[PDB]
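Data file: final04.cif. Format and content: mmCIF, C-alpha atoms and all ligand atoms.
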data_upload
#
loop_
_atom_site.label_atom_id
_atom_site.label_comp_id
_atom_site.auth_asym_id
_atom_site.auth_seq_id
_atom_site.Cartn_x
_atom_site.Cartn_y
_atom_site.Cartn_z
CA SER B 96 -14.59 10.02 -6.03
CA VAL B 97 -11.33 10.76 -4.17
CA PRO B 98 -10.62 8.57 -1.10
CA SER B 99 -9.52 10.50 1.95
CA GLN B 100 -5.84 10.29 2.89
CA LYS B 101 -6.08 12.16 6.21
CA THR B 102 -4.02 10.60 9.00
CA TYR B 103 -6.28 9.43 11.80
CA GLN B 104 -5.28 7.37 14.80
CA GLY B 105 -8.82 7.02 16.17
CA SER B 106 -9.82 5.36 19.41
CA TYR B 107 -7.38 2.46 19.11
CA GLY B 108 -4.34 4.62 18.29
CA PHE B 109 -3.78 3.07 14.85
CA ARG B 110 -0.60 3.83 12.92
CA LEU B 111 1.83 2.02 10.62
CA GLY B 112 5.40 0.93 11.17
CA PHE B 113 8.20 0.08 8.78
CA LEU B 114 11.34 -2.02 9.09
CA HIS B 115 14.80 -0.43 8.92
CA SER B 116 16.28 -2.00 5.81
CA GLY B 117 18.99 0.47 4.76
CA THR B 118 19.91 1.72 1.31
CA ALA B 119 22.31 -0.95 0.03
CA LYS B 120 22.12 -1.37 -3.76
CA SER B 121 20.78 -4.90 -3.18
CA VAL B 122 17.81 -3.99 -0.96
CA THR B 123 14.43 -5.11 -2.29
CA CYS B 124 12.24 -2.87 -0.10
CA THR B 125 13.20 0.18 1.94
CA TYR B 126 11.28 2.97 3.68
CA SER B 127 12.16 6.66 4.04
CA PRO B 128 10.59 8.40 7.07
CA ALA B 129 11.90 11.75 5.79
CA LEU B 130 9.85 11.34 2.57
CA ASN B 131 7.18 9.06 4.10
CA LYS B 132 7.90 6.97 1.05
CA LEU B 133 8.31 3.24 0.45
CA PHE B 134 10.69 2.14 -2.34
CA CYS B 135 10.41 -1.46 -3.48
CA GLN B 136 11.20 -3.78 -6.36
CA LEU B 137 8.48 -5.21 -8.59
CA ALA B 138 6.35 -7.83 -6.79
CA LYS B 139 8.69 -8.10 -3.76
CA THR B 140 7.53 -8.55 -0.18
CA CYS B 141 6.79 -5.22 1.53
CA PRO B 142 6.41 -5.71 5.30
CA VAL B 143 4.04 -3.17 6.82
CA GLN B 144 3.54 -3.15 10.58
CA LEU B 145 0.23 -2.34 12.23
CA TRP B 146 0.58 -0.59 15.64
CA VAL B 147 -2.27 0.07 18.06
CA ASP B 148 -2.50 1.21 21.66
CA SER B 149 -5.46 -1.06 22.40
CA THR B 150 -6.86 -4.09 20.63
CA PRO B 151 -9.82 -3.29 18.35
CA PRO B 152 -12.90 -5.55 18.38
CA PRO B 153 -13.07 -8.93 16.63
CA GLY B 154 -14.20 -8.44 13.05
CA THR B 155 -11.98 -5.38 12.57
CA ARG B 156 -10.32 -5.45 9.13
CA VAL B 157 -7.39 -3.72 7.38
CA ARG B 158 -7.81 -2.30 3.86
CA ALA B 159 -5.14 -1.14 1.40
CA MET B 160 -5.92 1.18 -1.51
CA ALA B 161 -3.73 3.16 -3.92
CA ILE B 162 -4.44 6.61 -5.36
CA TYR B 163 -2.42 9.00 -7.45
CA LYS B 164 -0.61 11.59 -5.34
CA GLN B 165 -0.84 14.50 -7.79
CA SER B 166 -4.22 16.22 -7.67
CA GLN B 167 -4.65 16.31 -11.46
CA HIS B 168 -4.58 12.48 -11.49
CA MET B 169 -6.33 11.79 -8.18
CA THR B 170 -9.62 10.85 -9.88
CA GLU B 171 -8.03 8.16 -12.08
CA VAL B 172 -8.26 4.57 -10.81
CA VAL B 173 -4.78 3.25 -10.06
CA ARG B 174 -4.47 -0.08 -11.88
CA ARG B 175 -1.93 -2.43 -13.44
CA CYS B 176 -0.65 -1.57 -16.90
CA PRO B 177 -1.93 -3.12 -20.16
CA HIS B 178 1.05 -5.50 -20.07
CA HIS B 179 1.04 -6.75 -16.50
CA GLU B 180 -2.72 -7.29 -16.35
CA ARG B 181 -2.16 -9.90 -19.09
CA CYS B 182 1.01 -11.67 -17.91
CA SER B 183 -0.94 -14.45 -16.15
CA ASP B 184 0.84 -13.98 -12.82
CA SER B 185 -2.26 -14.32 -10.63
CA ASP B 186 -2.04 -16.15 -7.31
CA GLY B 187 -5.61 -17.38 -7.56
CA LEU B 188 -7.04 -14.70 -5.28
CA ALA B 189 -5.82 -11.37 -6.67
CA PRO B 190 -7.54 -10.18 -9.85
CA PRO B 191 -4.91 -9.56 -12.55
CA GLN B 192 -5.85 -5.85 -12.63
CA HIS B 193 -4.99 -5.10 -8.97
CA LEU B 194 -1.72 -3.28 -8.31
CA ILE B 195 -1.67 -4.15 -4.58
CA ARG B 196 -1.77 -7.74 -3.37
CA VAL B 197 -1.57 -9.18 0.12
CA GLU B 198 0.92 -12.04 0.27
CA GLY B 199 0.28 -15.31 2.13
CA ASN B 200 -3.19 -14.72 3.58
CA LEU B 201 -6.04 -16.93 2.39
CA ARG B 202 -8.56 -14.53 3.95
CA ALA B 203 -7.56 -11.61 1.75
CA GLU B 204 -10.53 -10.21 -0.16
CA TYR B 205 -10.12 -8.14 -3.30
CA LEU B 206 -12.77 -5.50 -3.96
CA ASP B 207 -13.93 -3.71 -7.09
CA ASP B 208 -16.02 -0.83 -5.78
CA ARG B 209 -19.35 -0.85 -7.63
CA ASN B 210 -19.52 2.98 -7.45
CA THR B 211 -15.94 4.27 -7.76
CA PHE B 212 -14.41 1.28 -9.61
CA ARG B 213 -11.36 1.64 -7.38
CA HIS B 214 -9.45 -1.49 -6.34
CA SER B 215 -8.59 -2.42 -2.77
CA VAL B 216 -7.54 -5.48 -0.76
CA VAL B 217 -8.73 -6.18 2.77
CA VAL B 218 -7.73 -8.70 5.47
CA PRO B 219 -8.98 -9.43 9.00
CA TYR B 220 -7.05 -7.65 11.72
CA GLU B 221 -5.15 -10.15 13.87
CA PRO B 222 -3.82 -8.93 17.26
CA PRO B 223 -0.07 -9.38 17.78
CA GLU B 224 1.26 -12.86 18.47
CA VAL B 225 2.88 -13.72 21.79
CA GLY B 226 6.29 -12.11 21.90
CA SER B 227 5.35 -9.45 19.34
CA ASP B 228 4.10 -5.92 19.94
CA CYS B 229 2.61 -5.43 16.46
CA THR B 230 1.02 -7.21 13.49
CA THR B 231 2.69 -7.36 10.08
CA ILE B 232 1.01 -7.56 6.67
CA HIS B 233 3.12 -8.44 3.62
CA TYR B 234 2.14 -6.48 0.50
CA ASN B 235 3.25 -6.71 -3.12
CA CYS B 236 3.09 -3.96 -5.74
CA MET B 237 2.66 -5.56 -9.12
CA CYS B 238 3.71 -2.80 -11.60
CA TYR B 239 6.67 -0.43 -11.83
CA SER B 240 5.95 3.24 -11.25
CA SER B 241 7.13 3.77 -14.83
CA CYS B 242 4.87 1.16 -16.49
CA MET B 243 3.46 2.75 -19.64
CA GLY B 244 -0.31 2.78 -19.79
CA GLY B 245 -0.31 2.03 -16.06
CA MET B 246 1.20 4.21 -13.36
CA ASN B 247 3.14 5.87 -16.19
CA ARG B 248 5.87 7.46 -14.00
CA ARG B 249 3.23 8.97 -11.69
CA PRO B 250 3.72 8.72 -7.90
CA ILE B 251 1.04 6.92 -5.90
CA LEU B 252 -0.03 6.81 -2.28
CA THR B 253 -1.08 3.63 -0.53
CA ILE B 254 -3.79 4.31 2.06
CA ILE B 255 -4.23 1.83 4.90
CA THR B 256 -7.56 2.04 6.73
CA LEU B 257 -8.56 0.27 9.92
CA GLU B 258 -12.24 -0.65 9.50
CA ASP B 259 -14.97 -2.20 11.58
CA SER B 260 -17.05 -5.12 10.31
CA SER B 261 -19.30 -2.76 8.30
CA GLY B 262 -16.47 -0.84 6.66
CA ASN B 263 -16.76 2.19 8.94
CA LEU B 264 -13.53 4.09 9.49
CA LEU B 265 -11.65 3.28 12.70
CA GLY B 266 -8.19 4.53 11.68
CA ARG B 267 -6.18 5.76 8.70
CA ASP B 268 -2.50 6.08 7.71
CA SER B 269 -0.76 6.50 4.35
CA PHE B 270 2.58 6.37 2.54
CA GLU B 271 3.98 7.12 -0.88
CA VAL B 272 5.14 4.17 -3.00
CA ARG B 273 7.79 3.98 -5.70
CA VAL B 274 8.28 0.64 -7.47
CA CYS B 275 11.64 0.77 -9.22
CA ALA B 276 14.70 -1.25 -10.21
CA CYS B 277 16.98 -0.13 -7.35
CA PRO B 278 15.16 0.94 -4.15
CA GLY B 279 18.35 1.63 -2.17
CA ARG B 280 19.87 4.00 -4.73
CA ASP B 281 16.58 5.81 -5.34
CA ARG B 282 15.98 6.37 -1.61
CA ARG B 283 19.53 7.69 -1.18
CA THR B 284 19.18 9.99 -4.20
CA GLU B 285 15.81 11.42 -3.17
CA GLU B 286 16.90 11.87 0.45
CA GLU B 287 20.00 13.73 -0.76
CA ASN B 288 17.87 16.09 -2.85
CA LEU B 289 15.59 16.70 0.14
CA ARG B 290 18.34 18.26 2.27
CA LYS B 291 19.56 20.31 -0.70
ZN ZN B 301 3.10 -2.82 -15.34
#

What does the file become when written as structure tokens?
Ligand SMILES: [Zn+2]
Amino acid sequence: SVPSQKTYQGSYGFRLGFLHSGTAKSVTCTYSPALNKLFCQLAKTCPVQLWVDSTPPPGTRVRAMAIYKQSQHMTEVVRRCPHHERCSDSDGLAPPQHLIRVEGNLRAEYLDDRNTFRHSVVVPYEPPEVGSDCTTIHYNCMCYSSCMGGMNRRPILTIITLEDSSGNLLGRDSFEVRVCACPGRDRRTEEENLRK
């Protein structure tokens, strides 16, 4: 009833990577290593890199799930707010309720867990292309952190799990997400407070 968030490289040495986008007022998506926190604008492309030390077997998949970071909310399904689930912005594949979409991948599957009712989205793992050392998935987050009735100003975590063809755990990583109007300013502000 609470998905595990424990970091776990496993046998293939799985871990995430993030681009270095800066904190300019105009940035649509930026990542803070010091806070392990991704700041992005509503429904904007969020590149997430997948890094491994060895290639996992064919049929390996990559799943993304969000949970609330505070323990008192951890048991509540993270979902889109009463407004955004009704704004008819589906891409055909993502259910309107799902906060996290994968962008530009026809093989993305969206899951509604029969037991926990949590949402997740899963894609096949593709090894890196020639001339690349990693694989990138593009994610969208489809509500603001502050959406009333939805995330409701609460911070979330996005958990990325490397899975075999049966859904058994091969690797896990995680990062905090804030969806806000101005990712650059918010990352600067929070990183200033962290030193102080
Ligand atoms: Zn919303």

message = Within 12 Å of ligand ZN 301 (chain B) (counting all atoms listed in the file), which residues show up? I'd like them as a ChimeraX atom specification.
response = /B:137-138,173-182,184,191-195,236-248,274-275

message = Quick one: residues within 10 Å of stretch 114-116 of chain B, all atoms listed in the file, excluding same-chain residues fewer than 4 positions away - as number ranges by chain?
response = B: 122-128, 141-144, 279

For the selection you just gave me, I'd like the residues written to a file as a PDB file, keeping the file's coordinate frame, keeping C-alpha atoms.
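That gives us again04.pdb:
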ATOM      1  CA  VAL B 122      17.810  -3.990  -0.960  1.00  0.00           C
ATOM      2  CA  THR B 123      14.430  -5.110  -2.290  1.00  0.00           C
ATOM      3  CA  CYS B 124      12.240  -2.870  -0.100  1.00  0.00           C
ATOM      4  CA  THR B 125      13.200   0.180   1.940  1.00  0.00           C
ATOM      5  CA  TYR B 126      11.280   2.970   3.680  1.00  0.00           C
ATOM      6  CA  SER B 127      12.160   6.660   4.040  1.00  0.00           C
ATOM      7  CA  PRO B 128      10.590   8.400   7.070  1.00  0.00           C
ATOM      8  CA  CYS B 141       6.790  -5.220   1.530  1.00  0.00           C
ATOM      9  CA  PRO B 142       6.410  -5.710   5.300  1.00  0.00           C
ATOM     10  CA  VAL B 143       4.040  -3.170   6.820  1.00  0.00           C
ATOM     11  CA  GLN B 144       3.540  -3.150  10.580  1.00  0.00           C
ATOM     12  CA  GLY B 279      18.350   1.630  -2.170  1.00  0.00           C
TER      13      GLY B 279
END

note = Taken to one decimal, the atom CA of residue B:255-atom CA of residue B:282 distance is 21.7 Å

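Summary of the local environment: counting only C-alpha atoms, residues at most 8 Å from residue B:273, other than itself and those fewer than 2 positions away along its chain, are residues 132, 133, 134, 135, 239, 240, 250, 251, 271 and 275 of chain B.
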
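Interatomic distance, atom CA of residue B:147 to atom CA of residue B:109: 4.6 Å.
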
Can you pull out every residue within 10 Å of residue B:202, counting only C-alpha atoms, but drop anything in the same chain fewer than 2 positions away, and send it as a PDB file with C-alpha atoms, keeping the file's coordinate frame?
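Output file part.pdb is given in full below:
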ATOM      1  CA  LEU B 188      -7.040 -14.700  -5.280  1.00  0.00           C
ATOM      2  CA  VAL B 197      -1.570  -9.180   0.120  1.00  0.00           C
ATOM      3  CA  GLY B 199       0.280 -15.310   2.130  1.00  0.00           C
ATOM      4  CA  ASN B 200      -3.190 -14.720   3.580  1.00  0.00           C
ATOM      5  CA  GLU B 204     -10.530 -10.210  -0.160  1.00  0.00           C
ATOM      6  CA  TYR B 205     -10.120  -8.140  -3.300  1.00  0.00           C
ATOM      7  CA  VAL B 217      -8.730  -6.180   2.770  1.00  0.00           C
ATOM      8  CA  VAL B 218      -7.730  -8.700   5.470  1.00  0.00           C
ATOM      9  CA  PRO B 219      -8.980  -9.430   9.000  1.00  0.00           C
TER      10      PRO B 219
END

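We find atom CA of residue B:164 and atom CA of residue B:110 to be spaced 19.8 Å apart.
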
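Using only C-alpha atoms, the contacts of residue B:208 at a cut-off of 12 Å, with sequence neighbours closer than 4 positions omitted, comprise residues 96, 98, 160, 172, 212, 213, 214, 215 and 216 of chain B.
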
message = Around (-3.6, 2.9, 20.9), as given in the file, which residues come within 6 Å? Count all atoms listed in the file and list them as a PyMOL selection string.
response = chain B and resi 107-108+147-149

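Considering the residues B:105, B:210, B:186, B:131 and counting only C-alpha atoms, residue B:272 has its shortest atom-to-atom contact with B:131.
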
Put the listed atoms of stretch 118-123 of chain B in a box along x, y and z with 6 Å added on every side and give me the centre and edge lengths in Å to one decimal, as lines of an AutoDock Vina configuration file.
center_x = 18.4
center_y = -1.7
center_z = -1.2
size_x = 19.9
size_y = 18.8
size_z = 17.1

key: Residues within 10 Å of residue B:111, all atoms listed in the file, excluding chain neighbours under 5 positions, as a PyMOL selection string   = chain B and resi 104+143-147+229-231+255+267-270
